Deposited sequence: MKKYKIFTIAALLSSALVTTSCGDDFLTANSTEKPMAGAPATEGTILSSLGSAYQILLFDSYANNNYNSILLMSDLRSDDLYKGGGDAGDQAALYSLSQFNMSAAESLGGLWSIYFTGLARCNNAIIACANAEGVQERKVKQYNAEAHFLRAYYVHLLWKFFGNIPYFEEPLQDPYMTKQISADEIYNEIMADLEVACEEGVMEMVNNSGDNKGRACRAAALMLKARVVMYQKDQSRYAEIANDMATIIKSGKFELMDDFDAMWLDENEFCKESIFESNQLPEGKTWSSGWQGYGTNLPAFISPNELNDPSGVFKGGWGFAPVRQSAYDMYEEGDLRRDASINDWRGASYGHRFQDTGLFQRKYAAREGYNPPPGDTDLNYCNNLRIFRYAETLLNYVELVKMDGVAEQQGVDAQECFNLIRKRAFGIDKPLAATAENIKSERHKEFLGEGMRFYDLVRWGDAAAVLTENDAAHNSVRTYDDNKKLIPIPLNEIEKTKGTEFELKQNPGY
């Protein structure tokens, strides 16, 4: 049997996995960056091609089983096992009020859906288990069904609060987060049977009036705005506890170190130096129209400034999670305080516009898709700038809205635009790669195809690897 304290403890252990992607079993595998490194927005950077070589192969659609993202396999299969114990706990709860038990079971179900959807996005065909090694590998399509079963529990109306941005429950899983995870997963699976349902879910979020767009796109990334009125779910990053030795304790993120210029010298004294990974492409700068405030909010232009130029240098770096003076309280480079904005309301609006205008869903709850799209453009420019909600303009606006937030790659894959948009010979920046359907996945790690070889439960490597 289980008490309230055991359940809160098992759950506490489940949540922790959110803080670890940026040093994942001691691997630099920042979760949104592992997506954007396969977009048309970034290059790999670092000292040279072989400085974090697996990140180069990731960026070039050229990975080998031998150097996959074993660190994300390790932290999310741990995240899965911890969720399983938090759910087993909730099911053997006794003497705990049914209301609270319902909430904790839903938080654990959200977290299990969240961790399994990352394993699903990265690896596809995985050994899945719900009870506390010797497990059948099941197909990406089967895994999808497992995730949607967990989201039915997490999204259930009147169980989790719609938002958890304040009081004792700040940063706890909320119903808006479960519904956004459901939309992300249904849209990535292209499960048309559920488009009307997720469009209605977006409308429910929009109609709740519990969320608004930040007027100041730039400001929303400052620590003052950890849990602002636009944030649906973010990692609670605190600037301490991670060590060069272990990425299995503490609260900090290495991401702002990883992606900021080497030995940067900002005369303004706002920004701080990092390892010079993930430089921004000039094309990503240039796509922004004059007046679009998102450009200078998304991209630090250091083309005039003093820093150590590293591999595939462009002068341009990611701003939202840039290394900032202060955000690093005195193993300081593993411990920035920048919360990862996992879901925000801008995504709620653009998901709704896409499902109505691109996927042909009827408007839900009288929500006007063109008005939602106009809201996005208005915040972008600080003034009304209406634009017809066409597939081309929706795809462009999502591109411009989420630079450095790990959306572009998955959006191109699910749109069927990845082959055309990501296949390139960019010789001048050492980016030469052909996207094909096999590159939707990365390899199952060799060391895990090893630990399983010659058993009933042998792991099969992903196609083309």
property: Deposited-sequence ranges lacking C-alpha coordinates, in sequence order; result: 1 to 39, 172 to 175, 374 to 375
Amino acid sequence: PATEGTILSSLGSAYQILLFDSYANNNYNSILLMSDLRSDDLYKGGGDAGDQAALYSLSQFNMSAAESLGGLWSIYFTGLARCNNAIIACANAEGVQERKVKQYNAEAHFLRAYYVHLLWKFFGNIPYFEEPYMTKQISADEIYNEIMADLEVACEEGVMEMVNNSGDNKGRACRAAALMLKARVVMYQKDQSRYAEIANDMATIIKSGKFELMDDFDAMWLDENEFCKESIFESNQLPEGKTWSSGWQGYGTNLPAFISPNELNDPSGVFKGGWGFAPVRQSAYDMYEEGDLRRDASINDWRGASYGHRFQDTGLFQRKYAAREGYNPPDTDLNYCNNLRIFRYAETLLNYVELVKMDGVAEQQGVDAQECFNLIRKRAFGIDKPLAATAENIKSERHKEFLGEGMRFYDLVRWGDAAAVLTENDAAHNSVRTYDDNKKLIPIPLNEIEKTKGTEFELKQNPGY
From here on, numbers count along this sequence of modelled residues.
property: 299 to 307 or 188 to 196, whichever carries the higher mean Cα B-factor; result: 299 to 307
property: Residue range whose averaged C-alpha B-factor is higher in the record, 134 to 142 or 345 to 353; result: 134 to 142
property: Highest recorded Cα temperature factor - choice among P386, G315, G360, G158; result: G158
property: Residue selected from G71, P279, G247, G366 by maximal Cα B factor; result: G247
property: Modelled-residue ranking by C-alpha temperature factor, third containing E212; result: middle
property: B-factor third for the C-alpha atom of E67 within its chain; result: highest
property: CA B-factor ranking of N393, expressed as a third of its chain; result: lowest
property: Lowest, middle or highest third - CA B-factor, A24; result: highest
property: Third assignment of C83 from its chain's C-alpha B-factors; result: middle
